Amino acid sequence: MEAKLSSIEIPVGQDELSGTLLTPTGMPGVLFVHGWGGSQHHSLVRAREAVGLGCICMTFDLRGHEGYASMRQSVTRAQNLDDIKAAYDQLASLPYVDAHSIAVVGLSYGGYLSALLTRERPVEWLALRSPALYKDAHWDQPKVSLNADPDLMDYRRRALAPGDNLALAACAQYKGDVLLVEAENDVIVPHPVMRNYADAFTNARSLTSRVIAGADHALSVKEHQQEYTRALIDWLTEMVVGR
């Protein structure tokens, strides 16, 4: 772990002593991207535990949510991807964070967009929980319009190669380490989406994959909600401990 030496002046009487403050720097940074209908607050318990590992963390409200709940029906994936890029840039650009060591931790919609993020920004470690899949068609349409299409159900129950889908393509290019967490009984992002993701990541340094037994997409049982916290934190510990 690295230190920053900052010269300082210590007053004592008519005089001032010279000194050095050593503080942490070049720390790994973790970015949490929430799913649709979520908020910056769902991740704080995990963000906290990550700070425990010696990280700097950031959560934020995607547009179309919270302070921009007003955009729920108009916001495009284009715009939400711009949000993730903005958060990323602000986290990477902090002096005490090492831009070469950013983890992104994305959920459902957030997970999809995070997958995409990696083709445009450096992500050392990528952790996806129940990432959504959508058709490449209609990038600049309202994201709610994507779930309007009843055929979405079928699409997430189909087999899909990297060639069929921009997110899956991004994974095929992805070279970092990957954590894939799924909810055994998810009916929103069911196993076949996961199967497609796992299959597409055949260039990552590593691919870890936890399934939470009997969970649903919300991880609505407390114990599942905590299995995931433990899964994520064990992985970050292993990933970030390594360095």
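Numbers for residues come from their place in the sequence shown, where the first is 1.
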| property | result |
| --- | --- |
| CA B-factor placement of residue 85, once the chain's modelled residues are sorted into thirds | middle |
| Third of the chain's Cα B-factor distribution that residue 217 belongs to, per the entry | lowest |
| Chain-relative CA temperature factor third for residue 26 | lowest |
| Residue 63 - which third its CA temperature factor falls in, relative to the rest of the chain | middle |
| For residue 32, the third of its chain into which the C-alpha B factor falls | lowest |
